[PDB]
Amino acid sequence: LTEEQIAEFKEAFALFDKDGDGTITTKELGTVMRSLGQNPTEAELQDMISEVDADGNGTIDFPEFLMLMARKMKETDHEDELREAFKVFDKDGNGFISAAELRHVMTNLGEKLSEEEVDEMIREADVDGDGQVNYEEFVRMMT
Amino acid sequence: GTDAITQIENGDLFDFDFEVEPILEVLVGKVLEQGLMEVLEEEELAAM
Amino acid sequence: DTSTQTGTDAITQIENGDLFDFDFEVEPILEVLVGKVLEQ
Amino acid sequence: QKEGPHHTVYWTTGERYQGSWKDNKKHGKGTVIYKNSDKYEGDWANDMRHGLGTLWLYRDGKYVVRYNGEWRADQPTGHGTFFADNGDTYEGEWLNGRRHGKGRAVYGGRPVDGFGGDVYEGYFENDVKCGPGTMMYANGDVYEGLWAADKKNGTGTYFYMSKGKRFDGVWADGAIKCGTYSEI
Amino acid sequence: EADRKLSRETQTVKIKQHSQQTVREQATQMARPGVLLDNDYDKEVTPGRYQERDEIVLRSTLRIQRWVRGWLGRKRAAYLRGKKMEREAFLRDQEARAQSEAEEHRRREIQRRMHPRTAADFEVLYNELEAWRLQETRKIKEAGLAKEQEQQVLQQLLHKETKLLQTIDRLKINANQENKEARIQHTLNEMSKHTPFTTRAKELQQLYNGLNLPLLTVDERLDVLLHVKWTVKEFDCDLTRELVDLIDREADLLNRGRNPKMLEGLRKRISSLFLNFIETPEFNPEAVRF
Amino acid sequence: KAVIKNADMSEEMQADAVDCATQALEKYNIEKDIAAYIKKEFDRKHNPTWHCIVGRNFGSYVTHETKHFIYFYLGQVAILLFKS
Amino acid sequence: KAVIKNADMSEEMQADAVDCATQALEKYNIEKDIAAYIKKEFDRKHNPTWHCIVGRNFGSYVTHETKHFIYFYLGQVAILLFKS
Amino acid sequence: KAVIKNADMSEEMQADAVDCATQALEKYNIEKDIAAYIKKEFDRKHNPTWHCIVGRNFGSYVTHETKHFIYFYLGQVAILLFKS
Amino acid sequence: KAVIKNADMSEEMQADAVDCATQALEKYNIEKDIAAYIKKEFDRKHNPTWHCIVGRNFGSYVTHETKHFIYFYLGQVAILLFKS
Amino acid sequence: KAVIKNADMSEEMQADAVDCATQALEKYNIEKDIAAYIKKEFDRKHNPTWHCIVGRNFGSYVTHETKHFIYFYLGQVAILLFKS
Amino acid sequence: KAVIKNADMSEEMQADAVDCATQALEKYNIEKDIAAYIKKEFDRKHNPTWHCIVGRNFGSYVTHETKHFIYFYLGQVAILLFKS
Amino acid sequence: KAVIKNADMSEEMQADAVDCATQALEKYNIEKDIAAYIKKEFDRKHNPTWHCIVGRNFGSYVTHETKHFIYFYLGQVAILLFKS
Amino acid sequence: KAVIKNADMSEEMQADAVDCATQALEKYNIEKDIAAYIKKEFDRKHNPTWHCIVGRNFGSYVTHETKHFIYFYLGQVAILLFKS
């Protein structure tokens, strides 16, 4: 780990280190990975967790955290893969997408998002409820 | 502010080709076959 | 001076000989060809 | 010595005092009239104190009783009642004027009736109140809280008994600045 | 007399756009030899591949879910960072204000040490000096030496003590004078807080702060002396005589022309007699205050 | 329960404003109507002129007249009331 | 080859329909069965509303929702794929 | 007349369907005239929207809503009816 | 481009106002900030009497003098500017 | 007898509109007459600014005041009623 | 071949509308696609707050500001466009 | 704010009168009414009769008698009051 | 030419007062001195005692002794004169 990455991870870890003991609970491991700028899936998260808490203490130290971080860090998706992913829900490559189809896929396929997450997404993105979504801006806000 | 009632009326926006396509097509096929039929009939009559 | 803020798919198909009664249609062909042969 | 319940002690214009006399002045139950055109009858005590006393500039003074209550060092210095003509009726334990003490000042005429301008109940500090108290405005509303010579930024409770609401908050140097209006 | 004319009102609110559609029909006619016939305004086509798009969209949804999880974590981190920086500002600025107030108290104590204006400040100084004496003599005793030079050290120490006590006396005189002047100003202020007697009192306060004035000239000085003399000449009893006398002495010895630097004691006497004139019931119908 | 996040009004006048706002919210649906009601009320009770502004999301800076400027939140909306 | 008897869709949608029909023709040998297969595959494949008719002799007049329709022939068999 | 091989509809609408089908098959030759007459008459009476496939060589798979479905033979023509 | 919803004000002063407002929106990015900025700018620019309100969901009826009323839209925000 | 094609509106406003529209339908049958009737009725009932589109063959794209938007086929004529 | 059936609008803006309609028919065919494109263009080009209906059969009764209203049989598509 | 230009009575009665005048200015605006009310209240409280004059601009001599003849301001409304 | 608006006085004594006021204005510039002359002569002439005001602006409401109350105007400056 470089000095900058070590500092960044100490900052975030201490933000999530509820009591400063130098370890973090497995429950917020995903938050940290997300907090660090990585967009990992729930499957990888569950794998890493499983692949790390054999002792059963249910905590993670800086060394193991740094190993997990470097690993996950090696496989990071680019911006274009994401643009394409957005356009996959954009039936005709117009740059818009029906809100009902988007919501249905988001809540019915893959790693089903929660209703709270979909509501927050629609709210936080200031998208017109009865319009066409210029996914390029929504994506920029989310990028 | 100002209320205006606009209604599309009858006999307006009228085209001519697309209104005659179907009758044209049906009549052409029909007439072709009917002509052929009458040709056959008249041939037989001529034989008689 | 002051400021403020705040539906089940069903598939149906038509099968041969349902609508088509072969005899009632093949009768006239027989009649015609025999008339032709006879009269001619 | 000039003493004994003398028939009178005469000076030029003097002091017109009748009552138990000793030490050449009023001492005992007696009434002293003095240059402020006023006579008060009390259980005097060298004017270093006074028992129950009624002070009143009467008819010539044109008033009934100016003050009634006990006196101590010719200041009432205890329970005393003052009655203006129609301005007010102050009943409270005040020493050396209404400088301290807890009492009621009805700031309105017609006090026996509800038409009275305004009552008051609480603590006084030098005319002002400066303390936690409570005043019924004589329309039903009551105020319960802290005062600092008025305009006190303190959490208080005002009772709209007519409406059925109560407003608790901060009279921030004024009658109102912020608080919460609620339904008791 | 006047009245208002009119007003206006506008209810700002959201206004979006929604679309409505209509049924569109098409006809297809099967073509067979016979009565059926048809104009050709048609097109031909090659099929191409067909959709297996479901697995693509499922993988896309998984990817987007990973992306949304990272973004949600990032947004929660940003809110946590915001609260963190808020609390850090809180703590740092609170400690800074506390340090500032402590430094202010320190400077106040240092100013107390420079001049002991308070009587308590003087009592503090006295007790501090006596503690100093005691500590000095305790060190000197625990030295336990110089059974013939002990007394010379003692004499030096006592001379120091005497010098310090005389300095304390001088400072006490100064403080008494300045406290006197301050309390005079305070009484003048009590003579200010609109009854006619009180208005005259405010005028006299203006007058007294004009009498105690430095940076005078001569024309302005003579003019203000004339003003104050006109003012004084209303009551005119006996003090006004001597105050005016000293004023006129200065006025003359100024008309003839003498260095105002040589007019120090006389200005003092004029100001004192004018304040004494002011400190009088009949001459200042307010002197009942004190 | 309710709130007043800023005020310039004499206590009884403030209680009157509050009761008026209640009776308006009771007898009104549209906003500009509620504003007109409340403003007409206060202007007729507390010596015209007044102005009222009622909304849900709006940032305000103004130069009011002393003891005539109140801001309070009730139910859904936030209401600003100030005399010319 | 291919004749488009009726269309109310984008060119891409019609191409997808033709491709779908040719893919279907290698699975279903009964025409109602081809219709069912196509309907399922376009149900998951496309916008949920659909209708499909396949045959060698039929003519219709349907009020159909705008922008989604195609009706075209491959070989001698017509395939109609549309959204209600 | 309507010989209903498979029907899901009410009596009156079925009776009007049989009368219109009989008149169309007796009086008219081509399919689309019958289809348009049927569609307009069933919008007029049955329900405002409908979808039909009439033919001689037509295979279809449909998701009809109950109280609206027909699949019947008349003469030598297959008539498929459903509302959408 | 700013839309004037309503106004009683001379044209040049309205252009002045829209210009100053767009400038304020360039400079500040908190509602009340915009309000106070425009208020002060307008007061300095023309006359002392001013009253600027900025928001998104506010309906207000306010008595106004002549020649001193403007209600106009800047992007998403709504501005109300009058003379006190 | 009113298929609500697309509507963002309270059920009660829909019903009140339906009642007044029933009186309109009993009065007239021509679309322009229907629109005049409808807009006059909702001018009398509510704020005069309203917009109604009535007809057999039309598609719109409109700007409507929120929580006031309805589009339904009431018989053969379709009515779309919203308030500007 | 434009025939301006009924309009309250400046002549120059009418000619501009005819031009825009020409390239509109050039670009898209769908009715409501044309109307949405037209409304976006006339929000950009002309003044805002428009309502558009590019229909075949409809009767509407709308209320508009003066000198902003248009209904013209552009080609044989009747296009109506107006301002709030 | 208010200065007693001439006081020819007891400071008690002067306080009385000042408060009386505050009440007067409260109750009325036309100086005639204010003087009327003050004079009534005073000939009640202070032994009829007295006379009250009020104005912005006058000047006069009076050969008054003891315990009367106050002359003060309120704002700039000068008030003279003396018993014949 | 003295005009007498309000009168409770002997027209003879009214004329008296007018001529007195003429002499005083002839013999004064300061209205305190007009008062002086007027009062002194009108006491000697008009059966003492009396009372006077001469001013530009004042309103009054007075209860006087029968037959001795006059309020009149000398040109531009008004004058009241009466008895106890």
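Residues numbered from 1 in each chain as written, not as in the entry; some residues may be left out. Chains lettered and ligands numbered in written order. Heavy atoms only, no water. Residues with missing side-chain atoms left out of burial classes, pairs and counts.

Regarding how it was determined, this PDB entry cites cryo-EM in its header, along with a resolution of 6.1 Å.

Student: How should I be thinking about the arrangement of the chains in this particular structure?
Tutor: Of all 17 pairs of chains in contact, the one with the most contacts involves chains E and G. No interface is formed between chain C and chain J, the nearest pair of C-alpha atoms being 18 Å apart. (Contact = heavy atoms within 4.5 Å.)

Student: I tried to follow the domain arrangement of chain A on my own but got confused; where do I start?
Tutor: By convention, interface size is frequently given as the accessible area that disappears when the constituent parts associate. Partitioning chain A into domains gives domain 1 (3–74) and domain 2 (79–141). Inter-centroid distance (C-alpha atoms) of domain 1 of chain A to domain 2 of chain A is 29 Å. (Domains from an automatic or database assignment.)

Student: What should I look at first to understand the environment of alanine 36 of chain G in this one?
Tutor: Note that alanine 36 of chain G resides in helix α2 (residues 31–45). Taking the C-alpha atoms as reference, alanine 36 of chain G lies 15 Å from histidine 46 of chain G; in sequence the two are ten residues apart. Those residues in contact with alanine 36 of chain G that lie beyond four places of it in its chain are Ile11 of chain C together with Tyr61 of chain H. (Helix = DSSP H or I, 4+ residues; strand = E, 2+ residues; numbered from the N terminus.)

Student: For this particular structure, what's the right way to read the pairing of strand β13 (residues 165–170) of chain D?
Tutor: Successive side chains on a regular strand alternate, one facing one side of the sheet and the next facing the other. All names here are of chain D. Where strand β12 (residues 155–160) lies against β13, six bridges are found, and the strand directions are antiparallel. Counted as the bridge partner of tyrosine 158 is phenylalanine 167 from β13. Here β12 hands over to β13 after four residues, with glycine 164 in that stretch at a positive phi of 105°. Pairing of β13 with strand β14 (residues 178–182) involves five bridges; the strand directions are antiparallel. Looking across to β14, one finds that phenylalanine 167 is bridged to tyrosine 181. (Pairing = 2+ DSSP bridges.)

Student: What is the right way to read the interface of chain I and chain F from this model?
Tutor: Each partner contributes to the interface: chain I provides 16 residues, whereas chain F provides 13 residues. Among the secondary structure elements, those contributing two or more residues to the side of chain I that touches chain F are α2 (31–45) and β2 (51–64) of chain I. Considering each element in turn, the side of chain I that touches chain F owes the most residues, twelve residues, to β2 of chain I. Looking at the side of chain I that touches chain F residue by residue, the class counts come to eight nonpolar, five polar and three charged. As defined by bridge partners, strand β2 (residues 51–62) of chain F adjoins β2 of chain I across ten bridges and the pair is classed as antiparallel. Of the residues in β2 of chain I, the one forming a bridge with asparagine 57 of chain F is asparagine 57 of chain I. (Nonpolar A, V, L, I, M, F, W, Y, C, P; charged D, E, K, R; others polar.)

Student: Just checking my understanding: could you explain the pairing of strand β5 (residues 67–71) of chain D for this structure?
Tutor: Residues and elements named next belong to chain D. Relative to β5, strand β4 (residues 49–56) runs antiparallel, the two being bridged by five bridges. Counted as the bridge partner of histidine 50 is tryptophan 71 from β5. Bridge count between β5 and strand β6 (residues 78–83): three bridges; the pairing is antiparallel. For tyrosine 67, the partnering residue across the bridge sits in β6 and is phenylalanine 82. In this antiparallel pair of consecutive strands, β5 and β6, the connection spans six residues, and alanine 73 shows a positive phi of 55°.

Student: Explanation requested: the interface of chain G and chain E in the structure shown.
Tutor: Of the residues lining the interface, 23 residues belong to chain G; the matching set on chain E comes to 17 residues. Elements with a contribution of two residues or more to the side of chain G that touches chain E: β1 (2–7), α1 (11–24), β2 (51–59) and β3 (64–65) of chain G. In terms of residues, the side of chain G that touches chain E owes the most to one element, α1 of chain G, which gives six residues. Residue composition of the side of chain G that touches chain E, grouped by class: nine nonpolar, nine polar and five charged. Note that strand β3 (residues 23–24) of chain E and β3 of chain G share two bridges and pair antiparallel. Within the sheet, the bridge partner assigned to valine 23 of chain E lies in β3 of chain G and is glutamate 65 of chain G.

Student: Sorry if this is basic, but what is going on with the relation of the copies chain I and chain F here?
Tutor: Mapping one chain copy onto the other needs a rotation about an axis and a shift along that axis. Mapping chain I onto chain F is achieved by rotating through 179° and translating by 0.3 Å along the same axis, at an RMSD of 0.8 Å. Look at the turn and shift together and you get a two-fold axis relating the two. Using C-alpha coordinates, one finds that chain I approaches the rotation axis most closely at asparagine 57 of chain I, a distance of 2.3 Å. (Least-squares fit on C-alpha atoms.)

Student: What am I meant to see in the domain arrangement of chain E here?
Tutor: When its domains are assigned, chain E resolves into domain 1 (53–113), domain 2 (119–185) and domain 3 (194–289). Computed from C-alpha coordinates alone, the two centres of domain 1 of chain E and domain 3 of chain E are separated by 67 Å.

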